[PDB]
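Student: requesting a structural model of the entry that follows:
(chains A, B, C, D, E, F, G and H)
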Amino acid sequence: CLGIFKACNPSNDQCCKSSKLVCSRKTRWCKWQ
Amino acid sequence: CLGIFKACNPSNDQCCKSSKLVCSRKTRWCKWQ
Amino acid sequence: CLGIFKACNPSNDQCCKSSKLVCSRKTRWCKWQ
Amino acid sequence: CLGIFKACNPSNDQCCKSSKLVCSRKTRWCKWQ
Amino acid sequence: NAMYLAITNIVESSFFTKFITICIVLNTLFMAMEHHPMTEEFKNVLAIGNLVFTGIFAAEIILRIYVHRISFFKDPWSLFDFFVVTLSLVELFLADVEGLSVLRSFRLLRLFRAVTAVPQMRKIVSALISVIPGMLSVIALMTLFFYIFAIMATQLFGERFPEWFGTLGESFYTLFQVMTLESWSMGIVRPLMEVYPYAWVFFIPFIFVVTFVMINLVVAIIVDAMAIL
Amino acid sequence: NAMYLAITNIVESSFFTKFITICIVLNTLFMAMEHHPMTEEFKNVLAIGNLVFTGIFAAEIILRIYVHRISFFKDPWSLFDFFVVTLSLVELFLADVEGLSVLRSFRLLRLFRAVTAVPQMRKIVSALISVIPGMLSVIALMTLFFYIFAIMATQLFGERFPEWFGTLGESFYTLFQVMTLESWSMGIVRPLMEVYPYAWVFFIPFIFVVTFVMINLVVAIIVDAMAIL
Amino acid sequence: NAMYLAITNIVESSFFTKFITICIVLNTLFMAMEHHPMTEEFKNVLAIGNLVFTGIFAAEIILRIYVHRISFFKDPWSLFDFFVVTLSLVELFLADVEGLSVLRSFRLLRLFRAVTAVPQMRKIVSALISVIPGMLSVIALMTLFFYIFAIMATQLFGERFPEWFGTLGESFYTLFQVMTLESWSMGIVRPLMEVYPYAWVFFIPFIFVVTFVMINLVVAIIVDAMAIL
Amino acid sequence: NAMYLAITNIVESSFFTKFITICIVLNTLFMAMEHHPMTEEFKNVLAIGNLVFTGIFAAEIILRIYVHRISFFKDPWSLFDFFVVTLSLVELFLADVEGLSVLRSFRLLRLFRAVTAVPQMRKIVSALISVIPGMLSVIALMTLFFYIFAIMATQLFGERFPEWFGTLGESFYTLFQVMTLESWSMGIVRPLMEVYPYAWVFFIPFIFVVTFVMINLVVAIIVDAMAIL
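Tutor: Numbering: from 1, shown residues only, chains lettered A, B, ... in the order given. Have a look at this structure:
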């Protein structure tokens, strides 16, 4: 997986899906839900 | 014609139509319009 | 008939219908209407 | 073209179109837009 | 002047005058028998009851003028009573009175002349009678504000919809609607923003200035109770 | 009179009386467990909880009358408590009580008798208790205004639509709606202008006179705080 | 300086000045002849009447400046008159004046300078002129409240519907709508509860704080009449 | 303690502190660049601007705590600043902050600590700070009224429509809607009169009692200005 506090794009989100993380469109980073 | 101040029924109104009079349903008498 | 103040269920109400009684769904007892 | 401040009718407006002028219906004269 | 003053004493007898007010409140309850489920046969007795009630009032006023020539006529309260029962008689004279006849219902306000007997209501009625003229002045100024604003509005928004702003009568009514803060947004201004995107800058300062004026009315209503006490 | 005064002391014990108020607020939270997602099996324990809560209140009042014969009955607060728990018992007596049983929720207002302990609330409750009678008088006068105006309205506009003005009950409710400045324009008066073009001259002076009367109510609410201080 | 002071006396003659105000109120009634059932042939005489009315006003101001160089220009009332008739002349200079020309209708407010002659209106106008600055301050603070709240709102609810909260202009207008207690529930917040079930906790404290601030405005309007008397 | 007090003096320098407030108002204007027509490429510089703004605030607070251990922590204003910038950091810590980050917009209220410099605003802020506790008490009592009334309502009208009265949360919200006099008639009560013809006798006394309580709130807001002056 991709760690915590890692930059990304919502269009090509690649966060650690297992830990309920998604690259937000406003934040451009994986938020912990 | 039928005069002024004459009792009647709206269902069978017979006022002096020429002088714009009609037996009202609430009043039961020919009113001058 | 079934008397006054008698426990029951609205699903299988069996109150004294003659005296306008019905087992209410909130009360679970025959109310006098 | 037709000059500035010139009387006319909106029905047959003939203002200097190049300078964005049109005979208004309320004013009856070419307004500068 | 013998039977003159004798029957005049019977006029000024409180038994008679309060009997007239009982006839008044009974007439208003007679109009409270204006249901729709009244029957047509029972409607005729309602008609003759209105007939005899108005006859009692006409008899009352012909006695009050058989006493007084101009002395009651200086009093505007007597003029109010006479005026409304004569308008009831013009209803009894072939006229198109819609319901102005039961403007005589307002005669029940003479019971108001007994309801002042509560000690707060004395101050209340002195207060209302005291603040009548200043309120007339603020009605005048607020109507002036309405006048200039509605003229501006009916020149501005007359074209694309005249249902609200075509004339001056209906534009003036529309600004009374926007005065009382009811559907100016959803019913009125948002249709304007559908066409004219610069009319909120008209309407919002109008809301401020007339909210200002109405609160000023409330203040000049406030001042009386600290003026008296 | 030995156990009489002994258990009567236990009645007047603040542990017991405040325990009754804790039972009261716990009963209101028990009614705050009126969700829709409650289950039917858990609904029966809610029913027996209402049963035992009302039993506790009935036990409280039978002790309060086992002490007092008429002495509590002079006090209207005790009469209020007794009246509402007996109405709860008429709910417990086959009657069609809709929800009038949780009129005993109003017993929570005895906590109001503790909330006065904030020093502004002393002045507030003395103020409200002081302005009760004058407000009753202005309710009387405003209802008189409503009475004559609604009689005029239900004679005027009864025919073309009786949904708002057919009876006197629904015409009276309609003038309470036009009192509070809500959809008189879009919901009410603009349909009348579709038929009768001269009813705005009825409705607008009504708005002025009852806005006047309601602001007068606000003034006679104002006067108490300058009367006390 | 002979004819200078002579015709200047004729300027300061109340016959002339009140004649100008009669021309003003007649101009406003001329705009009250803005009906829709006016005819097109009669519209041209309305146009030349507006022409000659504005000519009379322009003649008035060119005489008032033929007397005064800067002395009238220190007075902001004269600056108001000059400014609005020059804006009428820019309407007479090919500009897209929508209806800003009949901003000269506001010249009718000089009649306001005669309506103060009622003895309550003296106190009223001194009161309004006294409470202008504090009201400007409370407009500033309430607009600050609107500013931060509307920024929060237009970040929050921008996505699912931008008709009410897309920009800051329309979100700011929407919070002015929710300020005045009109269709926040049925028109606005219940659509939000259809999507976001936790925006009532946004809107309800907003209603409390701005109802608080508006009532505070009413209080600082109240204080003047006890300050003067 | 040398550079301690030296850089601490630079902290208490008004150049620095007012510079922080300029950074605050510039941050709020940065959030006023929340348009929808912003571009996606320009959105990234907005993101790094929010990043560096929050960094400046975090730097400010780490210096304010490098000076003060508990001395600032006694002051609740410093606790407010620290709390909101740490909530901004929890937004910067993978949390589902909706828009609670721009709760730091409320830091702009420190400009409120400069706007008191108008001489009326001194009295205004002393007045608001004076009337906080009594208003908290009247919020408590009015919420108690809402509590018992909404419990009655959600027991009464839960069945035929639960959209307005199914739970206690939505029934409580519905009675807040009927509190503010908006579509209780057309939107709410007239659907009830379609089913239950005896709920107007529920709703009308509710309108009277909470109009009473809200006007009482206005009175206890009034009292401060006569208390001070």
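
Student: what are the ranges of the strands in the chain?
Tutor: You didn't say which chain, so I picked chain A. Ranges of strands in chain A, per DSSP state E, are A:21-23, A:30-32.

Student: mind putting those strands in JSON lines, mean neighbour count and distance to chain G included?
Tutor: C-beta here means a position set from N, CA and C on the backbone, and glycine is covered the same way. Output for those, formatted as JSON lines (neighbours: other Cβ atoms under 10 Å in any protein chain shown; distance: least, Cβ to the nearest Cβ, whole Å):
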{"stretch": "strand A:21-23", "mean neighbour count": "20", "distance to chain G": "16"}
{"stretch": "strand A:30-32", "mean neighbour count": "19", "distance to chain G": "16"}
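
Student: now these in CSV, with distance to residue H:110?
Tutor: What follows is the strands of chain A, written out as CSV (distance: least, Cβ to Cβ, whole Å):
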stretch, distance to residue H:110
strand A:21-23, 35
strand A:30-32, 30
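
Student: looking at those strands, which is nearest to residue H:48?
Tutor: In terms of Cβ to Cβ, the element of the strands of chain A nearest to residue H:48 is strand A:21-23, at 16.4 Å.

Student: buried sites along the longest helix along chain E?
Tutor: Secondary structure assigned by DSSP state H gives helix E:119-156 as the longest helix of chain E. Neighbour-count burial for helix E:119-156 flags E:120-121, E:123-124, E:127, E:131, E:134-135, E:137-138, E:141-142, E:145-156 (criterion: 16 or more other Cβ atoms under 10 Å in any protein chain shown).

Student: neighbours around residue E:219, how many?
Tutor: 20 (other Cβ atoms under 10 Å in any protein chain shown).

Student: and the residue in chain A that chain G sits nearest to, what does it touch?
Tutor: As assessed by Cβ to the nearest Cβ, chain G sits closest to residue A:26 within chain A, at 8.8 Å. Shown in contact with residue A:26 (Cβ atoms under 8 Å, 6 or more residues apart in numbering or on different chains): residue H:47.

Student: how much space separates it from residue H:97?
Tutor: Residue A:26 sits 11 Å away from residue H:97, taking Cβ to Cβ, to the nearest Å as the criterion.

Student: what does residue E:201 give?
Tutor: With distances taken as Cβ to Cβ, residue E:201 is found 35 Å from residue H:97.

Student: and these two? which has more neighbours close in?
Tutor: residue H:97 (17 against 8).

Student: is it correct that that one is in contact with residue H:91?
Tutor: Yes. Counting by Cβ atoms under 8 Å, residue H:97 touches residue H:91, with 3.9 Å between them.

Student: let me see the ranges of the helices in chain E.
Tutor: Under DSSP H, chain E gives helices at E:2-12, E:14-31, E:40-67, E:71-74, E:76-91, E:112-115, E:119-156, E:162-165, E:169-179, E:190-193, E:200-228.

Student: contacts for the fifth one, please.
Tutor: Going back to what we said before, that points to helix E:76-91. Applying Cβ under 8 Å, 6+ apart, the contact partners of helix E:76-91 are E:54, E:57-58, E:60-61, E:64-65, E:68, E:72-73, E:97, E:100-101, E:103-104, E:106-107.

Student: that helix: how far from the chain's middle?
Tutor: 15 Å (Cα atoms, centre = their mean, to the nearest Å).

Student: ok, the fourth one next?
Tutor: Averaging C-alpha positions (Cα atoms, centre = their mean) puts helix E:71-74 23 Å from its chain's average.

Student: please apply the same query to the first one.
Tutor: What separates the centre of helix E:2-12 from the centre of its chain is 35 Å, taken as Cα atoms, centre = their mean.

Student: list the contacts of it.
Tutor: Residues outside helix E:2-12 that contact it (Cβ under 8 Å, 6+ apart): E:16, E:17, E:63, E:64, E:67.

Student: look up the closest residue to the last one, ignoring the ones flanking it.
Tutor: The one in question is residue E:67. Using Cβ to Cβ, 6 or more residues apart in numbering or on different chains and skipping the chain neighbours, the partner closest in space to residue E:67 is residue E:8 (5.1 Å).

Student: ok and the residue in chain A nearest chain C?
Tutor: Residue nearest to chain C within chain A (Cβ to the nearest Cβ): residue A:33, separated by 40.8 Å.

Student: OK, contacts around that residue?
Tutor: For residue A:33, the contact set (Cβ under 8 Å, 6+ apart) comprises A:20, A:21, A:22, H:96.

Student: with residue A:32 instead?
Tutor: With contacts defined as Cβ under 8 Å, 6+ apart, residue A:32 is in contact with A:4, A:19, A:20, A:21, H:94, H:95, H:96.

Student: let me see the contact set for the last one.
Tutor: In this structure, residue H:96 makes contact with A:31, A:32, A:33, judged by Cβ under 8 Å, 6+ apart.

Student: and if we set it to 10 Å?
Tutor: Residues in contact with residue H:96 (Cβ atoms under 10 Å, 6 or more residues apart in numbering or on different chains) are A:24, A:31, A:32, A:33, H:90.

Student: and of those, the nearest to chain F?
Tutor: Chain F has its nearest neighbour among the contacts of residue H:96 in residue A:33, at 24.8 Å by Cβ to the nearest Cβ.

Student: quick one: that closest one from chain E, how far?
Tutor: Separation of residue A:33 from chain E (Cβ to the nearest Cβ, to the nearest Å): 36 Å.

Student: isn't residue E:122 right next to residue E:128, touching?
Tutor: No. If you go by Cβ atoms under 10 Å, residue E:122 and residue E:128 don't touch, sitting 11.2 Å apart.

Student: so what sits against both of those two?
Tutor: Common contacts of residue E:122 and residue E:128 (Cβ under 10 Å, 6+ apart): none found.

Student: list the contacts of the nearest residue to residue E:189 once chain neighbours are set aside.
Tutor: Spatial nearest neighbour of residue E:189, chain neighbours left out: residue E:203 (5.5 Å); criterion: Cβ to Cβ, 6+ apart. By Cβ under 10 Å, 6+ apart, residue E:203 lies in contact with E:149, E:153, E:175, E:178, E:184, E:185, E:188, E:189, E:192, G:176.

Student: thought the second one was touching residue E:202?
Tutor: Yes. The pair residue E:153 and residue E:202 passes the contact test of Cβ under 10 Å, sitting 7.5 Å apart.

Student: tell me, what's touching those two both at once?
Tutor: Contacts common to residue E:153 and residue E:202, judged by Cβ under 10 Å, 6+ apart, are residue G:99.

Student: follow-up on the earlier one: from the contacts of residue H:96, which is closest to chain E?
Tutor: Comparing the contacts of residue H:96 against chain E with Cβ to the nearest Cβ picks out residue A:24 as the nearest, at 32.2 Å.

Student: check contacts around that closest one.
Tutor: Residue A:24 sits next to A:8, A:10, A:13, A:15, A:30, A:31, A:33, H:96 when contact means Cβ under 10 Å, 6+ apart.

Student: what bridges to the nearest residue to the first one once chain neighbours are set aside?
Tutor: Taking Cβ to Cβ, 6+ apart as the measure, residue A:8 lies nearest to residue A:23, with 4.1 Å between them; neighbours along the chain are not counted. Going by DSSP bridges, residue A:23 is paired in beta bridges with residue A:30.

Student: state the distance from residue A:23 to residue H:101.
Tutor: Residue A:23 is 18 Å from residue H:101, by Cβ to Cβ.

Student: then residue E:203?
Tutor: In terms of Cβ to Cβ, residue E:203 sits 34 Å off from residue H:101.

Student: report the central residue of chain A.
Tutor: Centroid check for chain A by Cα atoms, centre = their mean gives residue A:30 as the closest residue, at 2.4 Å.

Student: right, and that residue touches residue A:13 too?
Tutor: Yes. The criterion here is Cβ under 10 Å, and residue A:30 meets it with residue A:13 at 7.7 Å.

Student: got a list of what residue E:46 touches?
Tutor: Residues in contact with residue E:46 (Cβ under 10 Å, 6+ apart) are B:26, E:30, E:31, E:33, E:34, E:38, E:39.

Student: hmm, residue E:49 and the second one touching each other?
Tutor: Yes. Under the criterion of Cβ under 10 Å, residue E:30 is in contact with residue E:49, at a separation of 5.7 Å.
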